[PDB]
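A quick write-up on the structure given underneath.
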Amino acid sequence: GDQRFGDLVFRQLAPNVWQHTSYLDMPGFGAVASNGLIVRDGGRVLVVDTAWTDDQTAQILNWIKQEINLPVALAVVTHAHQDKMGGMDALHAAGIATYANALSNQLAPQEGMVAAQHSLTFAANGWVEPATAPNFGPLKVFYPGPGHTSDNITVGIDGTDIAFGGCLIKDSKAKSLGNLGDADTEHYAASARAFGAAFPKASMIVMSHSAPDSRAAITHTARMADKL
Ligand SMILES: O=c1c(O)c(-c2cc(O)c(O)c(O)c2)oc2cc(O)cc(O)c12
Ligand SMILES: [Zn+2]
């Protein structure tokens, strides 16, 4: 299941869906694990989120060119943070089209992260406009609302029952909601539940700080956010 490649770990979730794990060394804390997704669409590769650093992000591309040997069409990130947008330069240097939430690109310079080349707009229902998200294929982007951040988005993999909750949704064994610094203590539960309503056929909920859990993770996250 878990393959150690360089300094990252890769785990196959589905025939064309792989999960990558980035690690950050924090002096006095340890190694922070951040999960991501790699989806193969026929002859092209699609990546969700980057690593903690451009270096680690490039290592992912090396793995892609090794096991998949296919070119990456575009990359979509969840929110403007170093835990997901730490390798934006690597994507640009490789000539990969970066797509992110319109707000994420605005918060990027503030947080000190490189803004994406394209911006995604979302309707009142939370669904991304097809115009801003062209040739995405199975990458279905949905914006639940203010949760971990005000720009956090979720990505579902069409054709499968796999949904990426980013750093918003936590596992059913989580004790905390993770980072509550830039988080919202009012719409957190609503946003978490919105994700479950958006992708009801998704049985595999992949997060960025834990392994892919069942739909129980969504309910657990919602229950934890209900106490805010
Ligand atoms: O996603 C993040 C995250 O999980 C943590 C984190 C740090 C800890 O020390 C923990 O104990 C923990 O559970 C999470 O760092 C972060 C710091 C940021 O500036 C932004 C983030 O998005 C994260
Ligand atoms: Zn973040």
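Within each chain, counting starts at residue 1; across the structure tokens, chains are named A, B, ... in the order shown, with ligands numbered 1 upward in that order.
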Worksheet item: What's the 8 Å shell around range 10-26 of chain A, counting only C-alpha atoms, without same-chain residues fewer than 4 positions away, as a PyMOL selection string?
Response: chain A and resi 1-5+30-41+51-52+56+60
Discussion item. I'd like the neighbourhood of residue 108 in chain A as a PyMOL selection string, where a residue qualifies if any of its atoms comes within 12 Å (using only C-alpha atoms), though same-chain residues fewer than 5 positions away should be ignored.
Written reply: chain A and resi 77-82+84-86+88+100-103+113-117+119+151
Discussion item. Give me, as number ranges by chain, the residues of range 13-218 of chain A that a backbone DSSP run labels strand (DSSP E).
Written reply: A: 13-14, 17-26, 30-41, 44-48, 72-76, 97-101, 118-120, 139-142, 154-157, 162-166, 204-207
Worksheet item: Quick one: of A:228, A:177, A:91, A:45, who's nearest to ligand 1, counting only C-alpha atoms and all ligand atoms?
Response: A:177
Item to complete: Dump the neighbourhood of ligand 1 as an MDAnalysis selection string: all residues within 6 Å, distances computed on only C-alpha atoms and all ligand atoms.
Response: chainID A and resid 81 83 178:179
Once you count only C-alpha atoms, what closest atom pair and distance in Å to one decimal does each residue of range 121-163 of chain A within 7 Å of range 196-203 of chain A have, with rows by chain and rising residue number, as a tab-separated table?
```
residue	atom	partner	partner_atom	distance
A:161	CA	A:202	CA	4.0
A:162	CA	A:202	CA	5.1
A:163	CA	A:202	CA	5.8
```
Item to complete: Have a look at CA of residue 154 in chain A and CA of residue 184 in chain A and let me know their distance in Å, one decimal.
Response: 16.3 Å
Discussion item. Taking 2 positions as the minimum chain separation for residues in the same chain, which residues sit within 12 Å of residue 136 in chain A when counting only C-alpha atoms? Answer as an MDAnalysis selection string.
Written reply: chainID A and resid 39:41 44:48 72:76 97:99 120 128:134 138:141 155:158
Discussion item. Report, in Å with one decimal, the straight-line distance from CA of residue 153 in chain A to CA of residue 169 in chain A.
Written reply: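 Rounded to one decimal, the two atoms are 10.8 Å apart.
Among the candidate residues A:160, A:105, A:191, A:208, the one lying nearest to residue 147 in chain A is A:191, with distances computed using only C-alpha atoms.
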